[PDB]
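Everything below concerns the one structure shown next.
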Ligand SMILES: [Zn+2]
Ligand SMILES: [Zn+2]
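Numbering (the authors' numbering), first residue to last: 1 to 85.
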């Protein structure tokens, strides 16, 4: 990790370092274009659909796919079991 804010930029993720610069960033990490790994939906991501924090990350694939948490799946869960069933 020499030089700052561009110019030679390596990848803590795959354990390679980049010269052609495929470097992204989050918080103060740096990644490849194709290493960005949401550990929230558990998915390999896309380029510009991401969200960093601290030194981990979840995805704008996620602030997308779950743009609005609440619930969905037909049934509720609290129906008519009534304790004992
Ligand atoms: Zn990488
Ligand atoms: Zn995600």
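Even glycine gets a Cβ: it sits at the ideal position worked out from N, Cα and C.
Q: State the CB to CB distance for the pair residue 57 and residue 38, rounded to an integer number of angstroms; the pair is presumed to be in contact (CB under 8 angstroms).
A: 7 angstroms
Q.
Beta-carbon within less than 7 angstroms of residue 44's beta-carbon, same chain only, minus the 5 sequence neighbours each way: which residues are those?
A. 37
**Q.** Same chain, Cβ closer than 7 angstroms to residue 47, neighbours up to 5 away in sequence not counted
**A.** 33
**Q.** Selection from 1, 51, 30, 74 that minimises the alpha carbon distance to residue 63
**A.** 51
Q.
Between residue 59 and residue 49, how many whole angstroms is the CB-CB distance? I'm expecting something under 8 angstroms.
A. 6 angstroms
Q: Output yes or no for whether 8 angstroms exceeds the beta carbon distance between residue 27 and residue 55.
A: yes
Q: Return helix, strand or coil for residue 64, following the three-state DSSP convention.
A: helix
Q) What residue does the beta strand (DSSP E) around residue 50 start on, and which one ends it? A) 50-53
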